[PDB]
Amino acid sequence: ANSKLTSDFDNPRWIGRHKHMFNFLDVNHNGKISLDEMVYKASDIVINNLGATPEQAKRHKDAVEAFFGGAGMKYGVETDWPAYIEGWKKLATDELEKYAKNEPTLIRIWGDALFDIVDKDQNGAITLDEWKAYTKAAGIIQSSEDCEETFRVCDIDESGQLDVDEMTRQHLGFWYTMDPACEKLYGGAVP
């Protein structure tokens, strides 16, 4: 493994990062969300906003299913916040265990599915314009200034693109470990 990654689950900034996303996902403020909702959102984005082919979409659907599945979410079950954060602890642990063993993470598998859609050249790397299009469709970032910040935090190549290898490392830090160097990955959009 290239980094030594450990969890920080009692940090209120980690709990609150995921609470921010819970709220963002719970668009109708039911105080619960379902797997049905999460995979609908994923496929709506990629099929109806980003031009994914049927095969590309199904590959993406499987990845998103497995991801939220790893956090304990299930079709036909309504997950509340206390269940959600408990499930996220299990997902993060499981992911850091894979990473430490140089085994592919659920977030990497999602990223490969998504980048094949979003990268016009299908080489595992995105432009700023492609990142805006995705994050704005998803709604995880709203402003162009915040998308721009992603490219500052991340280590870009001579060509000016964001490689899947680099994004994954940042994602591991941001979502799973509270690594200080990954702060502001989505700019002001997600604390």
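Heads up, when I say rigid core I mean the largest set of C-alphas that superpose within 1.5 Å between the two forms. Note that residue numbering begins at 1 and tracks the sequence as displayed.
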{"item": "Greatest C-alpha divergence in 7 other deposited structures of this protein once each structure is fitted on the rigid core, 29-37 or 152-160", "value": "152-160"}
{"item": "Between the two ranges 77-85 and 98-106, the one averaging a larger CA B factor in the entry", "value": "98-106"}
{"item": "Selected stretch [higher average CA B-factor]: 171-179 or 21-29", "value": "171-179"}
{"item": "Of the residues 70, 160, 139, 54, the one carrying the largest Cα B-factor as recorded", "value": "160"}
{"item": "Which of 125, 38, 45, 63 ranks first by CA B-factor in the deposited coordinates", "value": "125"}
{"item": "Assigned third (lowest, middle, highest) for the C-alpha B factor of residue 152", "value": "highest"}
